[PDB]
Each structure stands twice: as C-alpha cells, then as structure tokens.
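Remarks on the structure that follows.
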Amino acid sequence: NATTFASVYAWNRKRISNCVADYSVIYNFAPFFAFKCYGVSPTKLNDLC
Amino acid sequence: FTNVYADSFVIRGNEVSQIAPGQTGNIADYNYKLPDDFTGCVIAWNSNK
Amino acid sequence: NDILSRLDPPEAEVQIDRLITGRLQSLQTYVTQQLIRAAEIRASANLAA
C-alpha cells in the first residue's frame, strides 16, 4: 500500500534484507485476485525461512 | 454405478471455475472444501431469466 | 522431508513415485548382481570342498 506505482516497463525490483515477517502483513488485502502460486503451496509460506 | 450424490447451489459466473479441484478460490476457501479425486462431475447453466 | 513441507498432497506424487521407481530399480540392479556374484562363489566353494 503506497502511492501510484510505475507501469510494467519500469520494475521496482526490491532486495529485502534480513528481517522477520509473516503472512499477516500480506493478509491485509481482501481484493487478492491472482492467488495462484508455484514452488510452495500458499497454505505453508510460514515457519520456513 | 454404486450411489450418486447430487448437490445444487447458486454462485456467480467468475465463481464457476472455482469448483475445480486442487485449488483455492472464493468457493474453495473456508466456505467449501471438496475431495481431490472427484470421480463425479460439475454441470452449470445460466439462470439469468 | 522438504518435499513434504513444499507441496500439496495431490501434486508432487508425480515427483515421489519417480523417485520410488528410480530407487527400486537400483535395488533390482543390486540384488541381480548379488545373485550373479553368489553363483561363482558357490561354485568356488564346491570346488574348494
């Protein structure tokens, strides 16, 4: 949640340093449309580093 | 066959594809869960009128 | 173990079973070679007797 982001031609590829986060911060947005994920199933993106 | 179970309900058009197994949607959330084998079938039609 | 923490139980059975087959074929190649190697050992033991 921020101001109006850039278009697809400009990528804000962000390096996230050492920190501690969970899915509660992600969960703040109900209008999630594309919830499809690969690699790890979305029910277990917690308690693994 | 052995025994058939028919279940009828009313959902929206964007929720029709959410009845597919092995995925999560508005219907495949905590509202409804369905077994991954699914020997049965899903048939849906318009009821606009 | 990490595969179990990685993916859902419907999917990745296609990754489990190929690893099952590749290991049981290794067992098959091992015990076939063992039954081969026991044959001349038995013949040599009979000759020694």
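Please note that chains go A, B, ... in the order of the structure tokens, that every chain numbers its residues from 1, and that ligands are numbered from 1 in the order shown.
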**Request:** Give the residues of chain B that lie within 9 Å of chain A; count only C-alpha atoms, and format the answer as a list in words.
**Result:**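 The selection requested is residues 23, 24 and 25 of chain B.
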Selected residues written out with C-alpha atoms, as a PDB file, in the first residue's frame:
ATOM      1  CA  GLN B  23      -7.084 -25.080  -5.944  1.00  0.00           C
ATOM      2  CA  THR B  24      -8.393 -22.225  -3.806  1.00  0.00           C
ATOM      3  CA  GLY B  25     -10.989 -19.584  -4.670  1.00  0.00           C
TER       4      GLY B  25
END
**Message:** Using DSSP assignments from the backbone, pull out every residue in range 6-45 of chain C that falls under alpha helix (DSSP H) and give it to me as a PyMOL selection string.
**Reply:** chain C and resi 13-45
Include N, CA, C and O atoms and write out the residues we just selected as a short mmCIF file (atom, residue, chain, number, x, y, z; two decimals), in the first residue's frame.
data_model
loop_
_atom_site.label_atom_id
_atom_site.label_comp_id
_atom_site.auth_asym_id
_atom_site.auth_seq_id
_atom_site.Cartn_x
_atom_site.Cartn_y
_atom_site.Cartn_z
N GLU C 13 3.04 -36.09 -6.06
CA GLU C 13 3.04 -37.55 -6.09
C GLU C 13 3.75 -37.98 -7.37
O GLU C 13 4.40 -39.03 -7.40
N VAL C 14 3.65 -37.15 -8.41
CA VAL C 14 4.39 -37.37 -9.65
C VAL C 14 5.89 -37.18 -9.45
O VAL C 14 6.69 -37.65 -10.28
N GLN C 15 6.31 -36.48 -8.39
CA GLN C 15 7.72 -36.40 -8.05
C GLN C 15 8.14 -37.50 -7.07
O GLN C 15 9.30 -37.93 -7.09
N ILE C 16 7.22 -37.93 -6.22
CA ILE C 16 7.52 -39.00 -5.27
C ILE C 16 7.69 -40.33 -6.00
O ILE C 16 8.67 -41.05 -5.79
N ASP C 17 6.75 -40.66 -6.90
CA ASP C 17 6.70 -42.01 -7.47
C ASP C 17 7.88 -42.28 -8.40
O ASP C 17 8.35 -43.41 -8.49
N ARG C 18 8.35 -41.25 -9.10
CA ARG C 18 9.53 -41.43 -9.95
C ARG C 18 10.77 -41.70 -9.11
O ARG C 18 11.62 -42.51 -9.49
N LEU C 19 10.88 -41.05 -7.95
CA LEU C 19 11.95 -41.35 -7.02
C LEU C 19 11.80 -42.75 -6.42
O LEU C 19 12.80 -43.39 -6.11
N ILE C 20 10.56 -43.21 -6.24
CA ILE C 20 10.33 -44.58 -5.78
C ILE C 20 10.83 -45.57 -6.83
O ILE C 20 11.53 -46.55 -6.51
N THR C 21 10.47 -45.33 -8.09
CA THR C 21 10.84 -46.25 -9.17
C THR C 21 12.35 -46.25 -9.39
O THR C 21 12.95 -47.32 -9.59
N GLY C 22 12.98 -45.08 -9.35
CA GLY C 22 14.42 -44.99 -9.53
C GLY C 22 15.21 -45.65 -8.41
O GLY C 22 16.35 -46.05 -8.63
N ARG C 23 14.62 -45.76 -7.22
CA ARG C 23 15.31 -46.44 -6.13
C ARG C 23 15.04 -47.94 -6.16
O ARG C 23 15.94 -48.74 -5.85
N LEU C 24 13.83 -48.35 -6.53
CA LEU C 24 13.56 -49.79 -6.58
C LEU C 24 14.27 -50.43 -7.76
O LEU C 24 14.64 -51.61 -7.70
N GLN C 25 14.49 -49.68 -8.85
CA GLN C 25 15.30 -50.22 -9.93
C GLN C 25 16.75 -50.35 -9.50
O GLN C 25 17.45 -51.27 -9.94
N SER C 26 17.23 -49.45 -8.64
CA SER C 26 18.57 -49.59 -8.08
C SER C 26 18.66 -50.83 -7.20
O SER C 26 19.67 -51.56 -7.24
N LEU C 27 17.62 -51.09 -6.40
CA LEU C 27 17.56 -52.33 -5.63
C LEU C 27 17.56 -53.55 -6.54
O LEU C 27 18.23 -54.55 -6.24
N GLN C 28 16.82 -53.48 -7.65
CA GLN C 28 16.76 -54.59 -8.59
C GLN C 28 18.12 -54.85 -9.22
O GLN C 28 18.53 -56.01 -9.35
N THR C 29 18.83 -53.79 -9.62
CA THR C 29 20.16 -53.96 -10.19
C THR C 29 21.15 -54.47 -9.14
O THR C 29 22.10 -55.19 -9.48
N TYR C 30 20.97 -54.08 -7.88
CA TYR C 30 21.87 -54.55 -6.83
C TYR C 30 21.69 -56.03 -6.54
O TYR C 30 22.66 -56.79 -6.49
N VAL C 31 20.44 -56.47 -6.35
CA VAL C 31 20.22 -57.85 -5.94
C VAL C 31 20.41 -58.80 -7.11
O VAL C 31 20.76 -59.97 -6.92
N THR C 32 20.21 -58.32 -8.33
CA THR C 32 20.53 -59.13 -9.50
C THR C 32 22.02 -59.39 -9.58
O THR C 32 22.46 -60.52 -9.80
N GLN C 33 22.83 -58.34 -9.35
CA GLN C 33 24.28 -58.51 -9.32
C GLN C 33 24.70 -59.39 -8.15
O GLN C 33 25.68 -60.13 -8.25
N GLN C 34 23.98 -59.31 -7.03
CA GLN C 34 24.30 -60.15 -5.88
C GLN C 34 24.01 -61.62 -6.17
O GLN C 34 24.80 -62.49 -5.81
N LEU C 35 22.88 -61.91 -6.83
CA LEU C 35 22.58 -63.28 -7.22
C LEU C 35 23.54 -63.78 -8.29
O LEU C 35 23.81 -64.98 -8.37
N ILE C 36 24.03 -62.87 -9.14
CA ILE C 36 25.10 -63.24 -10.06
C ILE C 36 26.35 -63.63 -9.30
O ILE C 36 26.90 -64.72 -9.49
N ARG C 37 26.79 -62.77 -8.38
CA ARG C 37 28.05 -62.96 -7.66
C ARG C 37 28.01 -64.15 -6.72
O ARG C 37 29.06 -64.75 -6.46
N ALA C 38 26.84 -64.52 -6.20
CA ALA C 38 26.73 -65.70 -5.37
C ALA C 38 26.95 -66.99 -6.15
O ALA C 38 27.38 -67.99 -5.56
N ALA C 39 26.70 -66.98 -7.46
CA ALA C 39 26.78 -68.20 -8.26
C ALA C 39 28.20 -68.71 -8.35
O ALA C 39 28.46 -69.90 -8.11
N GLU C 40 29.16 -67.85 -8.70
CA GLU C 40 30.54 -68.33 -8.79
C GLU C 40 31.15 -68.54 -7.42
O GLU C 40 32.07 -69.35 -7.28
N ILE C 41 30.65 -67.85 -6.39
CA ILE C 41 31.12 -68.10 -5.03
C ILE C 41 30.70 -69.49 -4.58
O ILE C 41 31.49 -70.22 -3.97
N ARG C 42 29.47 -69.89 -4.91
CA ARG C 42 29.03 -71.25 -4.62
C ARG C 42 29.83 -72.29 -5.40
O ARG C 42 30.18 -73.33 -4.85
N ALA C 43 30.13 -72.01 -6.67
CA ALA C 43 30.92 -72.94 -7.47
C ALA C 43 32.34 -73.06 -6.93
O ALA C 43 32.90 -74.16 -6.88
N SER C 44 32.93 -71.94 -6.52
CA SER C 44 34.27 -71.95 -5.96
C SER C 44 34.29 -72.66 -4.61
O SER C 44 35.25 -73.37 -4.29
N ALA C 45 33.23 -72.49 -3.82
CA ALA C 45 33.14 -73.21 -2.55
C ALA C 45 32.97 -74.71 -2.77
O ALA C 45 33.53 -75.51 -2.02
#
Selection near residue 47 in chain B, 12 Å with only C-alpha atoms, sequence-local residues under 4 positions removed, as a JSON list (two decimals) with C-alpha atoms, in the first residue's frame:
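around-v6.json written:
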[["chain", "number", "residue", "atom", "x", "y", "z"],
["B", 9, "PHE", "CA", -26.23, -24.34, -5.49],
["B", 10, "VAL", "CA", -26.13, -20.83, -6.95],
["B", 11, "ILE", "CA", -22.88, -18.91, -7.48],
["B", 12, "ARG", "CA", -21.58, -16.21, -9.81],
["B", 13, "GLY", "CA", -20.00, -16.60, -13.24]]
Proximity check chain A to chain C, 8 Å, nearest pairs one decimal Å, only C-alpha atoms, as a Markdown table:
| residue | atom | partner | partner_atom | distance |
| --- | --- | --- | --- | --- |
| A:39 | CA | C:6 | CA | 7.0 |
| A:40 | CA | C:6 | CA | 5.0 |
| A:41 | CA | C:7 | CA | 5.5 |
| A:44 | CA | C:5 | CA | 7.6 |
Could I get the residues of chain C with an atom no further than 10 Å from an atom of chain B, each paired with its nearest atom pair and that distance in Å to one decimal, using only C-alpha atoms, sorted by chain and residue number, as JSON lines?
{"residue": "C:8", "atom": "CA", "partner": "B:22", "partner_atom": "CA", "distance": 8.6}
{"residue": "C:9", "atom": "CA", "partner": "B:36", "partner_atom": "CA", "distance": 9.2}
{"residue": "C:10", "atom": "CA", "partner": "B:36", "partner_atom": "CA", "distance": 6.8}
{"residue": "C:11", "atom": "CA", "partner": "B:22", "partner_atom": "CA", "distance": 8.4}
Residues as selected, N, CA and C atoms, written as a PDB file, in the first residue's frame, can you do that?
ATOM      1  N   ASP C   8       1.555 -29.639  -2.022  1.00  0.00           N
ATOM      2  CA  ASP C   8       0.278 -30.215  -1.626  1.00  0.00           C
ATOM      3  C   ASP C   8       0.292 -31.722  -1.844  1.00  0.00           C
ATOM      4  N   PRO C   9      -0.574 -32.468  -1.158  1.00  0.00           N
ATOM      5  CA  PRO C   9      -0.637 -33.930  -1.377  1.00  0.00           C
ATOM      6  C   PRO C   9      -1.246 -34.399  -2.699  1.00  0.00           C
ATOM      7  N   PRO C  10      -2.100 -33.646  -3.430  1.00  0.00           N
ATOM      8  CA  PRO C  10      -2.434 -34.151  -4.782  1.00  0.00           C
ATOM      9  C   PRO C  10      -1.272 -34.086  -5.759  1.00  0.00           C
ATOM     10  N   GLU C  11      -0.648 -32.922  -5.900  1.00  0.00           N
ATOM     11  CA  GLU C  11       0.530 -32.767  -6.734  1.00  0.00           C
ATOM     12  C   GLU C  11       1.742 -33.340  -5.985  1.00  0.00           C
TER      13      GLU C  11
END
**Message:** I'd like the contact shell of residue 40 in chain B - 12 Å cut-off, only C-alpha atoms, skipping same-chain residues fewer than 5 positions apart - returned as a PyMOL selection string.
**Reply:** chain B and resi 1+3-7+20-21+34-35
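Interatomic distance, CA of residue 17 in chain A against CA of residue 1 in chain C: 27.4 Å.
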**Request:** Kindly give the distance, in Å, that separates CA of residue 44 in chain B and CA of residue 2 in chain B, rounded to a single decimal.
**Result:**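 Taking CA of residue 44 in chain B as the start and CA of residue 2 in chain B as the end point, the length is 23.5 Å.
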**Request:** Find the residues around residue 1 in chain A up to 12 Å (only C-alpha atoms counted), leave out those fewer than 3 positions away in its own chain, and share them as a list in words.
**Result:**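 Counting only the stated atoms, we get residues 4, 5, 25, 26, 28 and 29 of chain A.
Atom pair CA of residue 49 in chain B / CA of residue 15 in chain B has a distance of 18.9 Å (rounded to one decimal).
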